[PDB]
Every structure is written in C-alpha cells, then in structure tokens.
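Quick mapping for you: the protein sequence lines, in order, are chains B, A, C and D.
Once you know that position 25 of the first sequence is 30 in the authors' numbering, the rest is easy, because the numbers rise by one and skip nothing.
Once you know that position 35 of the second sequence is 40 in the authors' numbering, the rest is easy, because the numbers rise by one and skip nothing.
Once you know that position 24 of the third sequence is 1217 in the authors' numbering, the rest is easy, because the numbers rise by one and skip nothing.
Once you know that position 27 of the fourth sequence is 521 in the authors' numbering, the rest is easy, because the numbers rise by one and skip nothing.
Every residue gets a Cβ at the ideal spot worked out from N, C-alpha and C, and that includes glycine.
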Amino acid sequence: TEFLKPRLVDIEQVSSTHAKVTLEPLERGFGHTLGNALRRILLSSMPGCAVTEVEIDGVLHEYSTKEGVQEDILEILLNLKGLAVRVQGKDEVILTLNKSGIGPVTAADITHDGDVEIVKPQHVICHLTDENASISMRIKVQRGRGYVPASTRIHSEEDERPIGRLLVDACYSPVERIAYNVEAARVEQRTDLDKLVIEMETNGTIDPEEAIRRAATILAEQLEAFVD
Amino acid sequence: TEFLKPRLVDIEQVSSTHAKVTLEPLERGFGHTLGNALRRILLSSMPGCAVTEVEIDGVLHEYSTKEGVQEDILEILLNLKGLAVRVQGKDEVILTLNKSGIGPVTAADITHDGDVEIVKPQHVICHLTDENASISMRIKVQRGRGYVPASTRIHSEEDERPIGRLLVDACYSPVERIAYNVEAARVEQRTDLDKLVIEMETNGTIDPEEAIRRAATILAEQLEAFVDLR
Amino acid sequence: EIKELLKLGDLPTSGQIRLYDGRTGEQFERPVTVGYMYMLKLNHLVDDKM
Amino acid sequence: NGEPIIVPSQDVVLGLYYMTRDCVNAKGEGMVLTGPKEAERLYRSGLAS
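Listed below in structure tokens is the structure:
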C-alpha cells in the first residue's frame, strides 16, 4: 500500500511575478484537495507586511478632499494600499513622504530604513497640479497575516484615534491571485488520475515558487504533531 | 509567524462504529481547511480488509441455486460483500464457514483464525431451512484501499481462474460517513481559536486515532513533493 | 400534509438543506433542494449503442 | 443570420446572470479595490459576496 508520488515537470514563468506550476501526476481526487488547501492557506494565512495606517494633514476623513492634487483622497488611499513593502526586523514602522513641485510622486521618494525597502520604486501614488503644493503623509507599516478590511478593522478597534487618521485596508498576504486548474493526466495503467496546474500571480517581496514552498511548509508544520 | 499546533484531545465513541474525535487548537482559517482535507483523504484512501473471493462447495456460478438455503447465491455474495472484518497480522487470509441444521448463518459462525477478528457477530448471511442442509464456503479476505471490481480483477488476472471461485467485488474502505465541525475553541488567553470536531462513522474495524494519523501521514507525504521540489 | 410530515421527521420545512461543497469545503450560497427520488434505469445501454 | 451560434446556453447563462446581478446590502458594500484580482481575492476569501 504505497501512493503515487508526483514529479514537478514544468514551471512556466510567464513574467517576473507569474507562474504556472504544473504538478503531475497525483492520485484520483488529490489535486482538488491539495489545490484547495494551498489556496485557502495562501489567501488567509500567509504572513507579510503591508500599509495599514496613514495620517495626512489637511484632510479629516475619506469623504473630504485636498487642493493641489489630481486624484482624490480615496484614490490616494487606494494607491497606498497597492504598495508592496517588506519589513525584516520589526513589525511596526512609521514612514514619511514629503514632495513639492510638478511631477508624479512615486515610491522611490519616501524615506527608507535599513530593513525597510520598496520593491516597486516606479509605483505611482499621486500627482500635483500646483508648484506650491506640499503633500505630506505619515505611513504606518504594520505586519500581520491574511487580509483584514477597514470595515472589520473599525468594528474591532475601540480606541479613539485623532481625526485625520485614515483607515486603509491591509494586503498582508503577498499573493495577489492564485487559481488552480485540475486537469486529467495519464499513466499507462491508471487513466483515472489527474494533474494540478496552479496559476499564481503575486506582488513583490516574494517569488511564486517560494510562496508555494512557504505555504506547504506552513501546512506541514500544522500537520507535524500527529504523524507517524 | 504566530502559529499554534493542534493535538488530539478527546476521542469519545458514542457507539462501537460511530466515534467522534476532536482536534484542538487551530488558528483562524485553518479549521475548515484541515477539516475538509482530512475528510476527503479519509473518505478516499483508507486501507481496510474486505471479502474478495468466495468458494461455496458444489456451486459453479453465482446464478445457481443451492438446495437447502433460502437466499439465492447472488444474495449470499451481496451479504458477504457487506461483511466487515479486521485482519491483524497478515494481508491475505482464508476463512472457513461450516454450518448445518435449521437456522440463520450469522457472521459469528465463521471459524476465524488466530489473527482475524470479526467485528459484527450479528451479520446474517444465509437462512438454512432444511434439516439435512449444509454449507461450507472458503471465504478469502484481501487487504487494500479503494474499490476494485470483478471486471478490473479479471482484467488484471493473467493467470487462470478456476471454476467455483465466485468473484465478489471489493469495497476496501471502512469509512462510510464523516462530517467535521468548526466550533469556538476554549483557550484562556485567545478568543480567536477554533476547534475541530470530526464526527467519524467507521465500519467498526479501523481505529479513529489511527485513521486521523494515517490521513495526516498521507497528506504530509503528498506535501513533501511541494516542500522539496520548488 | 407534506410540510406536516416534514415537521414530524425533524427536517427543514422548506424542503431544502444547506449543502456544503464536498470538493472545496465551502457552503453553497443558496439552500439546495435535497430529497429521495425514485430513479429508473431504461433499456438503452451504451454497450448496445456504441 | 450573421449572429454567433457558439453561444452560452442556459447554464453558463444562469451562472453569469447570478454573477453580474447586484443586491442592495449583501456583504462588504462600499469598499474600494485595487482591481479585478483583489475583487476575486475578496470573494474566494469570503469577506465579500
């Protein structure tokens, strides 16, 4: 009574942060189990760092506005959520950004710590219409796991922050989208087997093969107790 | 990395077959994942023992009718496919069932060996009616997993098959029904932990703690190929 | 009378249970009608048609 | 007539109607998303219908 160990035959790297990790052949009814387990772990359990809290002077809430800018404060918060940050040592870093003049302010303008770096320096955050426009923010970079929205964040928190502290969502997990496709493979005896094709696309700080390896490491560490 | 590890805490057998087994504690978002994965593995690939060949004396094919018994021989083969047994030591045993006189032929009348334990001594196989009636079958119990039918077995049998071996289909898996539950775990400093309550229902042969440990062994063996090779 | 029989048998009176997806573990967003139907097997067999 | 006959029929149509229809206050109404990939991530995580 011995199972059928798979053999990794293909990693078709579409882009610098894309992958098609074909893994054939598995037992009948195991590709769905492995794919669903890895998808749930990567979507709601993989740890990472993300922008969580931002304080911008001149505005009081997300329904307000600012002068001297093209986009609004809602699109500013959206572009700040889309930022991909890595923090190595600590788990709560406060970052500042001050820019004046005509030009698209990017992620290469902000201050960086020794363990805090940005993997997309060309990430556009906002723009300025006025030469005298001075946009200022204080960006708090937390560290968690999974995904917590601002609605359940304000419903779980209870302290009264100073008004002007904007709540943005937290993209804690580094994988942006993973979708598995279970095909049907063939060994010459057993034609009823299958084949797992994981299409994973992440943001920076993590390569997709390392993401799947860390997810499998997390599931193995969770299962580690009741083994032979 | 603030993960916690689960452990088998309570194993309560409500019946001899139905056996609820808990798992505690699990992080938020891991109860449903581990519960669904363990349910799929335990329903698909649990190794057990089942009746594979039956050789009734004086009977050529399954569609015959023996004199003395009430049930047809196809009904005897279905009642023997429904038999539950647990072979301890070997992987291929041969049982013997000799019975005469008037009365039902229960499963407890099987002359078991030193390492073959029948778990259901009320499984009625036949119904003997005549006083001079007799039945002497040589049941063969294999060991495997899954469902191996008679057509697959006669395709994979390159050697000859004699006349008399009524080939019974093989349902090896001893787990018939299983459902988990993700409750709220009681931990004195964390309120965001969820326990897993797996309400198994086996054939009476397998051990539930051995079933969960074998399922986790299969899952870890399959994830070794994900950890190692990229 | 059907709903009275369903309320005797300790079942949901609307006839539909909350089916979980066996493939991925998640719950279907709507209640699905579950119940026993008497299915036949007609005499048009694919061994005789192919 | 010059119309496509390779068309979704009754099951793909029921699925796509149930996708692109909208309720009033279902689950997680009124957020802002970085795009289609984050919308798919929200649904398959279960925080939004």
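**Report entry** Entirely enclosed alpha helix (DSSP H) segments - the stretch 117-191 of chain B, minimum 4 residues
**Finding:** Listed in chain order, they are 155-161.
Query raised in the report: CB-CB under 7 Å to B/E32, same chain, minus the five flanking residues each way: which ones, in chain order?
Result: Translated into the one-based positions of the first sequence, residue 32 of chain B becomes position 27. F8, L9 and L198.
Report task. Report the rounded CA-to-CA distance for D/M525 versus B/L82, giving the unit in angstroms. Result -> In the fourth sequence, residue 525 of chain D corresponds to position 31, counting from 1. In the first sequence, residue 82 of chain B corresponds to position 77, counting from 1. Rounded to the nearest angstrom, the two C-alpha atoms are 11 Å apart.
Query raised in the report: Considering only C-alpha positions, which residue in the set A/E122, A/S49 and A/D77 is nearest to A/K95?
Result: Residue 95 of chain A sits at position 90 when you count from the first residue of the second sequence. Of A/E122, A/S49 and A/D77, the residue nearest in Cα terms is A/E122.
**Report entry** Residues from the stretch 1205-1220 of chain C in contact with chain B, defined by Cβ distance under 8 Å
**Finding:** Answer in chain order: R1216, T1217 and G1218.
**Report entry** Beta-carbon contacts of B/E188 that lie in its chain and below 7 Å, excluding the five residues immediately before and after
**Finding:** Here residue 188 of chain B corresponds to residue number 183 of the first sequence, with the count starting at 1. Result list for B/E188: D199, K200 and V202, in chain order.
Requested in this report: Quickly, what does DSSP pair A/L85 with across the bridge? List them, please.
Outcome: Reading the second sequence from its first residue, position 80 is the one you call residue 85 of chain A. Looking at the DSSP assignment, A/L85 forms no beta bridge with any residue, so it has no partner.
**Report entry** 9 Å Cβ cut-off: residues of chain B touching D/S543
**Finding:** Translated into the one-based positions of the fourth sequence, residue 543 of chain D becomes position 49. Within chain B, no C-beta atom comes less than 9 Å from the C-beta of D/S543; the nearest is roughly 13 Å away.
Query raised in the report: Leaving out five residues before and five after B/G36 in sequence, what residues of the same chain have Cβ atoms less than 7 Å from its Cβ?
Result: Position 31 of the first sequence, counted from the first residue, corresponds to residue 36 of chain B. Correct list, in chain order: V187, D199, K200 and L201.
**Report entry** Expected contact under 8 Å - CB spacing of B/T222 and A/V232 to nearest Å
**Finding:** Taking the first sequence and counting its residues from 1, the one referred to as residue 222 of chain B is at position 217. Taking the second sequence and counting its residues from 1, the one referred to as residue 232 of chain A is at position 227. Between A/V232 and B/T222 the Cβ distance is about 6 Å, and since that is below 8 Å, they are a contact.
Query - Residues near B/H132 in its chain [Cβ-Cβ closer than 6 Å; skip 5 each side] - result: Taking the first sequence and counting its residues from 1, one reaches residue 132 of chain B at position 127. Correct list, in chain order: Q75 and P109.
Query raised in the report: If A/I78 sits next to A/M142, beta carbons under 8 Å apart, how far is it from one beta carbon to the other, in whole angstroms?
Result: Here residue 78 of chain A corresponds to residue number 73 of the second sequence, with the count starting at 1. Here residue 142 of chain A corresponds to residue number 137 of the second sequence, with the count starting at 1. With a Cβ gap of about 10 Å, A/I78 and A/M142 do not count as contacting.
Query raised in the report: On the three-pair Cβ rule with 8 Å, is the stretch 152-161 of chain A touching the stretch 114-129 of chain A?
Result: Contact fails: fewer than three Cβ-Cβ distances are below 8 Å.
**Report entry** Simplified DSSP assignment, three categories, for C/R1223
**Finding:** Position 30 of the third sequence, counted from the start, is the residue given in the question as residue 1223 of chain C. Looking at C/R1223 - three-state DSSP - the assignment turns out to be coil, as it is neither helix nor strand.
Query raised in the report: How long is the line joining the alpha carbons of A/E67 and A/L47, rounded to whole angstroms?
Result: As a first step, residue 67 of chain A must be located in the second sequence, where it is residue number 62. As a first step, residue 47 of chain A must be located in the second sequence, where it is residue number 42. Cα to Cα, the separation comes out at about 33 Å.
**Report entry** Buried versus exposed call for A/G40 [16 or more other C-beta atoms within 10 Å across all chains shown]
**Finding:** Working through the second sequence from its first residue, we reach residue 40 of chain A at position 35. Flag for A/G40 reads buried.
Requested in this report: Give, in chain order, every residue of the stretch 38-67 of chain B whose Cβ lies closer than 7 Å to some Cβ of chain C.
Outcome: Answer in chain order: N41.
Query raised in the report: Grouping DSSP H, G and I as helix and E and B as strand, with all else coil, what is A/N103?
Result: Here residue 103 of chain A refers to the residue found at position 98 when the second sequence is read from its first residue. Of the three classes helix, strand and coil, the one that applies to A/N103 here is strand, per DSSP.
**Report entry** A/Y177 classed as buried or exposed, judged by whether at least 16 other C-beta atoms fall within 10 angstroms
**Finding:** Position 172 of the second sequence holds residue 177 of chain A. Buried, because 16 or more other Cβ atoms sit within 10 Å of the Cβ of A/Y177.
Query raised in the report: For B/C54, which beta-bridge partners are listed by DSSP?
Result: On the first sequence, position 49 is the one that residue 54 of chain B refers to. Answer is B/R148, bridged to B/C54.
Query raised in the report: Between which two residues does the beta strand (DSSP E) carrying D/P530 extend?
Result: The sequence position of residue 530 of chain D within the fourth sequence is 36, counting from 1. Where D/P530 is concerned, there is no enclosing beta strand (DSSP E), although the alpha helix (DSSP H) it sits in stretches over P530 to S539.
**Report entry** Secondary structure of D/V507, DSSP reduced to three states
**Finding:** The count along the fourth sequence starts at 1 and reaches residue 507 of chain D at position 13. Here D/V507 sits in helix by DSSP.
Query raised in the report: From the beta carbon of B/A216, is the nearest beta carbon of chain A less than 8 Å away?
Result: If you number the first sequence from 1, residue 216 of chain B lands on position 211. By this cut-off, B/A216 is not an interface position.
**Report entry** For A/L28, the first and last residue of its enclosing beta strand (DSSP E)
**Finding:** Within the second sequence, numbered from 1, the residue matching residue 28 of chain A stands at position 23. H23 to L31 is the span of the beta strand (DSSP E), which, as asked, contains A/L28.
Report task. Can you pull the chain B residues whose beta carbon is under 7 Å from the beta carbon of A/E226, in chain order? Result -> Taking the first residue of the second sequence as position 1, residue 226 of chain A is located at position 221. Going along chain B in sequence order, the residues near A/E226 (Cβ under 7 Å) are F8.
Report task. Just the C-alpha distance for A/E229 and B/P52, rounded to the nearest angstrom, thanks. Result -> In the second sequence, the residue the question calls residue 229 of chain A occupies position 224. In the first sequence, the residue the question calls residue 52 of chain B occupies position 47. The straight-line gap from Cα to Cα measures roughly 21 Å.
Query raised in the report: Is there contact between the stretch 87-107 of chain A and the stretch 136-150 of chain A, where contact requires at least three CB pairs shorter than 8 Å?
Result: yes
Query - Per DSSP, cross-strand counterpart(s) of A/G108 - result: Indexing the second sequence from 1 puts residue 108 of chain A at position 103. The partner list for A/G108 (beta bridge, DSSP) reads A/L133.
**Report entry** Proximity to A/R91 [Cα-Cα], best of A/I140, A/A220, A/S69 and A/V56
**Finding:** Taking the first residue of the second sequence as position 1, residue 91 of chain A is located at position 86. Selected option, being the one with the closest Cα: A/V56.
Query raised in the report: What are the partner residues of C/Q1209, as DSSP defines its beta bridges?
Result: What you label residue 1209 of chain C is simply residue 16 of the third sequence in a count that begins at 1. In DSSP, C/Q1209 forms a bridge with C/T1226.
Query raised in the report: Since B/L228 is in the alpha helix (DSSP H), which residue starts that stretch and which ends it?
Result: Translated into positions along the first sequence, residue 228 of chain B becomes position 223. Element bounds for B/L228: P213 to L228.
Report task. Determine the DSSP secondary structure at A/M205, reduced to helix, strand or coil. Result -> Here the question's residue 205 of chain A lines up with position 200 in the second sequence. Note: A/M205 maps to strand in three-state DSSP.
**Report entry** Closest residue to B/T22 among B/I183, B/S139, B/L172 and B/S49 (Cα-Cα distance)
**Finding:** Within the first sequence, residue 22 of chain B is the residue found at index 17, counting from 1. Cα-wise, what sits closest to B/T22 is B/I183.
Query - Chain-order list of residues whose beta-carbon lies under 8 Å from that of A/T6 (same chain, five-residue window excluded) - result: In the second sequence, counting from the first residue as 1, residue 6 of chain A sits at position 1. Cβ neighbours of A/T6 within its own chain (closer than 8 Å, five residues either side excluded): none.
Query raised in the report: If you draw a straight line from the alpha carbon of B/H117 to that of B/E206, how long is it in whole angstroms?
Result: Along the first sequence, one-based indexing puts residue 117 of chain B at 112. Along the first sequence, one-based indexing puts residue 206 of chain B at 201. Cα to Cα, the separation comes out at about 26 Å.
Query - Range covered by the beta strand (DSSP E) that runs through B/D15 - result: What you label residue 15 of chain B is simply residue 10 of the first sequence in a count that begins at 1. Note, B/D15: beta strand (DSSP E), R12 to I16.
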